[PDB]
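Residue numbers (UniProt numbering), protein chains in the order written: chain B, 2 to 375; chain Y, 2 to 375.
Number of protein chains: 2
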Amino acid sequence: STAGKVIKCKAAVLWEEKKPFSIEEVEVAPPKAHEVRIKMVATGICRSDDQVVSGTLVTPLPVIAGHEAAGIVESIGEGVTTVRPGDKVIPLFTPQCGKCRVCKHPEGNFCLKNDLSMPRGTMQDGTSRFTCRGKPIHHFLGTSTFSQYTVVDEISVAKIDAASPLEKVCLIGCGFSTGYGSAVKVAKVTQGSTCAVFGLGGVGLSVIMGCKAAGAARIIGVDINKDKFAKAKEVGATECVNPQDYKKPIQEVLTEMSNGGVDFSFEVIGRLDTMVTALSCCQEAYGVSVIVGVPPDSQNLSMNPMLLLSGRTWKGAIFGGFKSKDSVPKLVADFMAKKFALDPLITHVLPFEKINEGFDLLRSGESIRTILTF
Amino acid sequence: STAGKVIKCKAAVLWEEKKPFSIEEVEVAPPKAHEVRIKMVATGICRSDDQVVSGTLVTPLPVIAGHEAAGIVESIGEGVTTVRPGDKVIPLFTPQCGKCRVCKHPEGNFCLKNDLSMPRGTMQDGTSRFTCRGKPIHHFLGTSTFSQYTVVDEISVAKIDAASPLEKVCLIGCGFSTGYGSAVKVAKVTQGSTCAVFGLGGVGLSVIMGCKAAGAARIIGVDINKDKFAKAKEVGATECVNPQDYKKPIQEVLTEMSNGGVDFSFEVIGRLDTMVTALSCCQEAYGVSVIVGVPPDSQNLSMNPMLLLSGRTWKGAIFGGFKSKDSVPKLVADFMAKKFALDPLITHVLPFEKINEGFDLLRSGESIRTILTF
Ligand SMILES: NC(=O)c1ccc[n+]([C@@H]2O[C@H](COP(=O)([O-])OP(=O)([O-])OC[C@H]3O[C@@H](n4cnc5c(N)[nH+]cnc54)[C@H](O)[C@@H]3O)[C@@H](O)[C@H]2O)c1
Ligand SMILES: NC(=O)c1ccc[n+]([C@@H]2O[C@H](COP(=O)([O-])OP(=O)([O-])OC[C@H]3O[C@@H](n4cnc5c(N)[nH+]cnc54)[C@H](O)[C@@H]3O)[C@@H](O)[C@H]2O)c1
Ligand SMILES: OCc1c(F)c(F)c(F)c(F)c1F
Ligand SMILES: OCc1c(F)c(F)c(F)c(F)c1F
Ligand SMILES: [Zn+2]
Ligand SMILES: [Zn+2]
Ligand SMILES: [Zn+2]
Ligand SMILES: [Zn+2]
Numbered sequence: 002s003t004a005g006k007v008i009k010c011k012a013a014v015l016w017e018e019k020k021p022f023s024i025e026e027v028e029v030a031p032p033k034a035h036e037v038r039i040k041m042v043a044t045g046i047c048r049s050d051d052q053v054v055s056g057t058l059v060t061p062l063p064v065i066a067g068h069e070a071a072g073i074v075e076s077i078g079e080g081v082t083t084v085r086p087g088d089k090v091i092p093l094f095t096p097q098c099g100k101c102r103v104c105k106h107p108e109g110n111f112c113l114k115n116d117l118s119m120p121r122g123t124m125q126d127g128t129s130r131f132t133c134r135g136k137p138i139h140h141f142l143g144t145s146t147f148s149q150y151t152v153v154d155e156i157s158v159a160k161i162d163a164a165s166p167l168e169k170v171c172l173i174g175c176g177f178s179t180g181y182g183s184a185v186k187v188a189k190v191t192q193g194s195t196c197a198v199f200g201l202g203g204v205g206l207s208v209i210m211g212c213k214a215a216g217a218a219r220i221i222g223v224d225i226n227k228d229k230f231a232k233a234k235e236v237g238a239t240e241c242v243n244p245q246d247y248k249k250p251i252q253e254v255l256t257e258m259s260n261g262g263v264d265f266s267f268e269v270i271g272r273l274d275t276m277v278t279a280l281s282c283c284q285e286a287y288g289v290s291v292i293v294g295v296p297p298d299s300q301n302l303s304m305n306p307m308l309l310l311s312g313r314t315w316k317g318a319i320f321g322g323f324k325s326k327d328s329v330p331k332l333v334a335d336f337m338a339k340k341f342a343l344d345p346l347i348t349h350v351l352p353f354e355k356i357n358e359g360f361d362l363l364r365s366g367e368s369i370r371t372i373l374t375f
Numbered sequence: 002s003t004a005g006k007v008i009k010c011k012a013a014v015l016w017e018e019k020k021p022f023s024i025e026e027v028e029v030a031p032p033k034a035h036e037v038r039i040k041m042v043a044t045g046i047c048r049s050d051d052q053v054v055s056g057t058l059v060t061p062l063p064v065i066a067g068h069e070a071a072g073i074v075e076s077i078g079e080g081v082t083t084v085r086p087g088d089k090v091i092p093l094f095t096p097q098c099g100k101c102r103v104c105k106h107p108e109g110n111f112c113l114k115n116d117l118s119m120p121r122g123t124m125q126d127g128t129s130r131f132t133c134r135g136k137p138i139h140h141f142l143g144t145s146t147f148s149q150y151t152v153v154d155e156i157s158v159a160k161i162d163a164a165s166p167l168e169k170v171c172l173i174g175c176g177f178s179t180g181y182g183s184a185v186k187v188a189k190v191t192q193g194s195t196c197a198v199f200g201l202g203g204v205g206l207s208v209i210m211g212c213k214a215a216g217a218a219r220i221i222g223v224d225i226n227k228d229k230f231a232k233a234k235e236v237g238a239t240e241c242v243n244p245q246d247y248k249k250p251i252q253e254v255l256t257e258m259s260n261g262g263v264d265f266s267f268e269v270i271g272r273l274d275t276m277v278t279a280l281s282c283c284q285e286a287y288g289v290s291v292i293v294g295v296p297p298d299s300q301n302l303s304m305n306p307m308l309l310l311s312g313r314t315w316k317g318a319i320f321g322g323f324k325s326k327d328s329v330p331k332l333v334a335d336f337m338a339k340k341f342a343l344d345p346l347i348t349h350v351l352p353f354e355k356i357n358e359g360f361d362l363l364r365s366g367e368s369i370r371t372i373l374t375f
């Protein structure tokens, strides 16, 4: 029995920016009221985790990062009603409290209990459940999945199908659901439309999947790494373009290709310049552009508002617009029902001990998703 | 009996930026194929016409400005099918050719034959119908309503009810329709919502009318001229705020007043800083902000894209999102049926010869709309 006791386990601690993860023993406190302790089974490597390493996504350090995962409930605190010991679960980096004005809104998903806007790196109660070498360690987005065991608030966990394969469905905790929902829920891609997707990583591939599911006629993938094109075409891109191949700026190229602008564009990289390019390539009167990539901390973009005055719509979203706790179990059931595929996103499967190697595959351009297994 | 002949008439010619209009004789050529010559009856003074004088809205000079008007067809060119001599008409500063990809789209209204994006100051065939002192004079937006007679392309004119009061319905040619449609069509304001309207001129008052027609529960007007507040409350504002009264930035004030941000905000001024403030004050997860004001030429704004990534929508529109030639006659029929009021917008009436006094009233802050009568 571990229930009610401190667990000593392995975790990947990031002590300061621009350093490898350190794989060492941490102590994980038992869950308090309304908290859940989870034994991790699989976690993905998302570019957002790398941005924490880079320092472009700011969160308190030292930290246990990781937010795209799946595991099994080890124990529950007093008052927990939505999961039990032995349940398969996905932690939710966007919580769903069900009580705030956003949770009550039909189209909101960015719950006011989130730890994204103004990150504290704690549990809801303002404290940490983690220590390492006698020092308190911060949580990340109320998830912290780069650990054999984590503790999450009940509003930050969803119970999923007992038969689901956790080394695949961990992607429903971030990159699949984000990209797919950006297309089908946030943009509301229409049948017969032309879409442009900037960035052909795991999230951008998921946007392509959604555009194809929504019946887009043309899906133009855009990436500076032409090694990404073959998989983008496998999941539905009709054409791929590398901005580096052209004398003209790519917004001009895509406007020409689409006979006057695309219906829907997506920025799935995280750069200010590509957010403005993506907006500009959508048709001036009725185009929609969705920002999915996470921009660099504290930097503003510059843009001409005439792009909007002619009729364009610009919007962004976290987690594909999905209300997290309602939607994650439904997405897992849809995957079990063969409504969408996850294998095209998974290029590498490594033991958790090879986390640094996984990040080097992402940085070098080789991987889409590496799944780490515990 | 003027049909096929040059007409000599008075017009207000703008020879140079930052100068009074010159009321003097012009020559108006007869209409070519698919053109309509109109005897003007009434024209409004819109801030966009003043921005031309200021040089912040660029169009070629010398010019006959004016775009918000109503008149009576004097003659038609070869091939015209949609109006006849003696019909009451409103010139359309946004055309509706009915054939381009925008005109065919269900949402779009910014027809590709517009003269707004890259203004030439000509008719569709690239020539002018106006001479003054033996020199060619530019058109403005394909309308040029500050003249006793104008010539417009058939795609830039709508036939309206024969019993229409032209001294009121001229406002359907720009300010009323723009503001009202920005609320009801572009933003799609919902019953029970909270709205913020930045700028309480004739367009912003029309936005308030639309928000109240849509059932908003709270409509907060924002203006630095507190003399604007009484009329804003008459047409539906529930409260007004003057940014100059507050130590804190008005986005923070409006976020506090709305218990975490408004549902819908509207920028109806034309300044870069209020475009960013208006986006900021809508609720971060589900808010919508609409740009209606016309920004200063060739200037970029700076903003933090995290405002969008949390879930906000930012859009703009021309002419309230209305397909112009379909919509104008319906709006006139609705006015005739008392579905909305125009009198609250009309604060002054002057003869056309007093155009410079009408512009002085707008610049002083004293008027909403002055209507000029020919
Ligand atoms: N909104 C959310 O909820 C959410 C969720 C998941 C990820 N993200 C962000 O989404 C972005 C993509 O994540 P990911 O798919 O894991 O990353 P990724 O696998 O690194 O993919 C990014 C792709 O962009 C390509 N790229 C880089 N620079 C350019 C450029 N200038 N022009 C065109 N292509 C370029 C690059 O080659 C790569 O294939 C990151 O910014 C993440 O932080 C956001
Ligand atoms: N999108 C369109 O189709 C369209 C159509 C009509 C007008 N316009 C533009 O809409 C804008 C408003 O036109 P209008 O109603 O005729 O002008 P207006 O009558 O000048 O009203 C603008 C209001 O803004 C107020 N204002 C000025 N600066 C500020 C400030 N910093 N903060 C708060 N309030 C301030 C000002 O006191 C005035 O009451 C102008 O930019 C027009 O060019 C756009
Ligand atoms: O990849 C998902 C993700 C985000 F979308 C963010 F906006 C963020 F700040 C972050 F830390 C994160 F992990
Ligand atoms: O007031 C309507 C109006 C606009 F919305 C513009 F964008 C524009 F350039 C213009 F000249 C105009 F008159
Ligand atoms: Zn909530
Ligand atoms: Zn992620
Ligand atoms: Zn058209
Ligand atoms: Zn106007």
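Yeah, the Cβ is synthetic: ideal placement off N, Cα and C, and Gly gets one too.
Provide the residue span of the alpha helix (DSSP H) that contains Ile251 of chain B, from first to last. Position 250 of the first sequence holds residue 251 of chain B. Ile251 of chain B -> alpha helix (DSSP H) spans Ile251 to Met258.
Which residues, in order along the stretch 73 to 104 of chain Y, keep a beta-carbon less than 7 Å from a beta-carbon of chain B? Hits within the stretch, in order: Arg102 and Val103.
Bridge partners for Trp315 of chain B per DSSP, in chain order? On the first sequence, position 314 is the one that residue 315 of chain B refers to. B:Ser290 and Y:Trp315.
Do the stretch 183 to 190 of chain B and the stretch 204 to 216 of chain B touch if we need at least three Cβ pairs shorter than 8 Å? Yes, the stretch 183 to 190 of chain B touches the stretch 204 to 216 of chain B.
Which first and last residues belong to the beta strand (DSSP E) in which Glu25 of chain B is found? Taking the first sequence and counting its residues from 1, one reaches residue 25 of chain B at position 24. DSSP places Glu25 of chain B inside the beta strand (DSSP E), whose first and last residues are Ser23 to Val29.
Contact set for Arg130 of chain B: own chain, Cβ-Cβ below 7 Å, skip 5 residues either direction: Taking the first sequence and counting its residues from 1, the one referred to as residue 130 of chain B is at position 129. Contacts found: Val29, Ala30, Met124 and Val152.
Since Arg219 of chain Y meets chain B, which of its residues come closer than 7 Å, beta carbon to beta carbon? Walking along the second sequence from the start, residue 219 of chain Y turns up at place 218. Among the residues of chain B, none has a CB under 7 Å from the CB of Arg219 of chain Y; the nearest is roughly 14 Å distant.
Are the beta-carbon atoms of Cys133 of chain Y and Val14 of chain Y separated by less than 8 Å? Working through the second sequence from its first residue, we reach residue 133 of chain Y at position 132. Working through the second sequence from its first residue, we reach residue 14 of chain Y at position 13. In contact: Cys133 of chain Y and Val14 of chain Y (Cβ atoms closer than 8 Å).
Starting from the C-beta of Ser165 of chain B, find all residues in its chain whose C-beta is less than 7 Å away, skip the five residues before and the five after it, and write them out in chain order. In the first sequence, residue 165 of chain B corresponds to position 164, counting from 1. Around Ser165 of chain B, the same chain offers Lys89, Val333 and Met337 as residues with beta carbons nearer than 7 Å, after the five sequence neighbours per side are excluded.
Excluding five sequence neighbours on each side, which residues of the same chain lie with their C-beta closer than 7 Å to the C-beta of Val74 of chain Y? In the second sequence, residue 74 of chain Y corresponds to position 73, counting from 1. Excluding residues within five positions, the ones whose Cβ falls inside 7 Å are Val37, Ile39, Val84, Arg85, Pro86, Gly87, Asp88 and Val90.
Would the stretch 55 to 68 of chain B and the stretch 103 to 110 of chain B be scored as touching if the rule is three or more Cβ pairs under 8 Å? Contact between the stretch 55 to 68 of chain B and the stretch 103 to 110 of chain B is absent, with fewer than three C-beta pairs closer than 8 Å.
Go ahead and label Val7 of chain B buried or exposed: buried means 16 or more other beta carbons lie within 10 angstroms of its beta carbon, across all protein chains shown. The residue labelled residue 7 of chain B in the question sits at position 6 within the first sequence. The residue is exposed, with fewer than 16 neighbouring Cβ atoms inside 10 Å.
For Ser290 of chain Y, which residues in the same chain have their Cβ closer than 6 Å to its Cβ, ignoring the five residues on either side in sequence? The count along the second sequence starts at 1 and reaches residue 290 of chain Y at position 289. Hits under 6 Å: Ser266, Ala279, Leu280, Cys283 and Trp315.
Per the DSSP calculation, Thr371 of chain B is bridged to which residue(s)? Sequence index remark: in the first sequence, residue 371 of chain B carries index 370 (1-based). Looking at the DSSP assignment, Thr371 of chain B forms a beta bridge with B:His349.
Looking at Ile65 of chain B and residue 380 of chain B, is the spacing between their C-beta atoms short of 8 Å? Residue 380 of chain B lies beyond the residue range present for chain B, which begins at 2 and ends at 375; the question has no answer from this structure.
Identify which residue in Y:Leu167, Y:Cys104, Y:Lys9 and Y:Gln300 has its Cα closest to the Cα of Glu69 of chain Y. Taking the second sequence and counting its residues from 1, one reaches residue 69 of chain Y at position 68. Nearest option by C-alpha distance: Y:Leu167.
In or out: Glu367 of chain B buried (at least 16 other Cβ within 10 Å) or exposed? Against the first sequence, residue 367 of chain B aligns to sequence position 366. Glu367 of chain B is exposed by the Cβ-count criterion.
Going along chain B in order, which residues have a C-beta closer than 7 Å to the C-beta of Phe111 of chain Y? The count along the second sequence starts at 1 and reaches residue 111 of chain Y at position 110. Simply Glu285, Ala286, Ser311 and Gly312.
Strictly below 9 Å CB to CB, what residues from chain A border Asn305 of chain Y? Note that chain A does not occur in the displayed structure, where the protein chains are B and Y.
Answer yes or no: the CB of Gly262 of chain Y versus the heavy atoms of ligand 8, is any distance below 7 Å? Counting from one through the second sequence, the residue named residue 262 of chain Y turns up at place 261. Checking the Cβ of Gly262 of chain Y against ligand 8 gives no.
Taking Cβ-Cβ distances shorter than 8 Å, what residues in chain Y pair up with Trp16 of chain B? Residue numbering aside, residue 16 of chain B sits at position 15 when the first sequence is read from its first letter. Near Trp16 of chain B there are no residues of chain Y at all, since even the closest Cβ is about 26 Å away, more than 8 Å.
Neighbour list for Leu273 of chain Y in chain B, Cβ cutoff strictly below 8 Å: What you label residue 273 of chain Y is simply residue 272 of the second sequence in a count that begins at 1. Under the 8 Å cutoff, chain B gives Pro306.
Which residues in chain Y sit within 8 Å of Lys316 of chain B, going by Cβ to Cβ distance? Here residue 316 of chain B is taken as the residue at index 315 of the first sequence, counted from 1. Chain Y residues near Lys316 of chain B: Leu309, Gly312, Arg313, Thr314 and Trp315.
Within the stretch 96 to 144 of chain B, note down every full alpha helix (DSSP H) run reaching 4 residues or more, in order along the chain. Within the stretch 96 to 144 of chain B, complete alpha helix (DSSP H) segments of at least 4 residues are found at 102 to 105, given in chain order.
Under 7 Å (Cβ pairs) to chain B, residues found in the stretch 257 to 272 of chain Y: From the stretch 257 to 272 of chain Y, only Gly261 have a Cβ closer than 7 Å to chain B.
For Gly294 of chain B and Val277 of chain B, which I take to be in contact (beta-carbon distance under 8 Å), what is that distance rounded to the nearest angstrom? Here residue 294 of chain B is taken as the residue at index 293 of the first sequence, counted from 1. Here residue 277 of chain B is taken as the residue at index 276 of the first sequence, counted from 1. Actually they are not in contact, since the Cβ atoms of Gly294 of chain B and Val277 of chain B sit about 12 Å apart, beyond 8 Å.
Taking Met276 of chain B as the query, report the chain Y residues whose CB atoms sit under 7 Å from its CB, ordered along the chain. Taking the first residue of the first sequence as position 1, residue 276 of chain B is located at position 275. Close to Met276 of chain B, with beta-carbon spacing below 7 Å, are these residues of chain Y in chain order: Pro306.
Coil, strand or helix - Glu69 of chain B by DSSP: In the first sequence, the residue the question calls residue 69 of chain B occupies position 68. Secondary structure of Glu69 of chain B (DSSP, three-state): coil.
Does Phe320 of chain Y come out as helix, strand or coil in the three-state DSSP assignment? Within the second sequence, numbered from 1, the residue matching residue 320 of chain Y stands at position 319. If DSSP states are grouped into helix, strand and coil, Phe320 of chain Y belongs with the helices.
Between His106 of chain Y and chain B, is there a C-beta pair that is closer than 8 Å? Position 105 of the second sequence, counted from the start, is the residue given in the question as residue 106 of chain Y. The C-beta of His106 of chain Y comes closer than 8 Å to at least one C-beta of chain B.
Heavy atom of ligand 7 less than 7 Å from the Cβ of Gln284 of chain B, yes or no? Looking up residue 284 of chain B in the first sequence gives position 283. Flag unset: Cβ of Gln284 of chain B not near ligand 7.
Helix, strand or coil: which one does DSSP assign to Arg219 of chain Y? Numbered from its first residue, the second sequence carries residue 219 of chain Y at position 218. Three-state result, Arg219 of chain Y: strand.
Alpha carbon to alpha carbon, how far is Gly203 of chain Y from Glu253 of chain Y? Give it in angstroms, no decimals. Indexing the second sequence from 1 puts residue 253 of chain Y at position 252. Indexing the second sequence from 1 puts residue 203 of chain Y at position 202. Rounded to the nearest angstrom, the two C-alpha atoms are 26 Å apart.
Using the beta-carbon of each residue, which ones in chain Y are nearer than 7 Å to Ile156 of chain B? Counting from 1 along the first sequence, the entry for residue 156 of chain B is found at position 155. What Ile156 of chain B touches in chain Y, judged by beta-carbon distance under 7 Å, is nothing: the nearest beta carbon there is about 15 Å away.
Residues of its chain near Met258 of chain Y, where Cβ-Cβ distance is below 7 Å and the 5 sequence neighbours each way are ignored: Walking along the second sequence from the start, residue 258 of chain Y turns up at place 257. Counting only Cβ-Cβ distances below 7 Å, and skipping sequence neighbours, we find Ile221.
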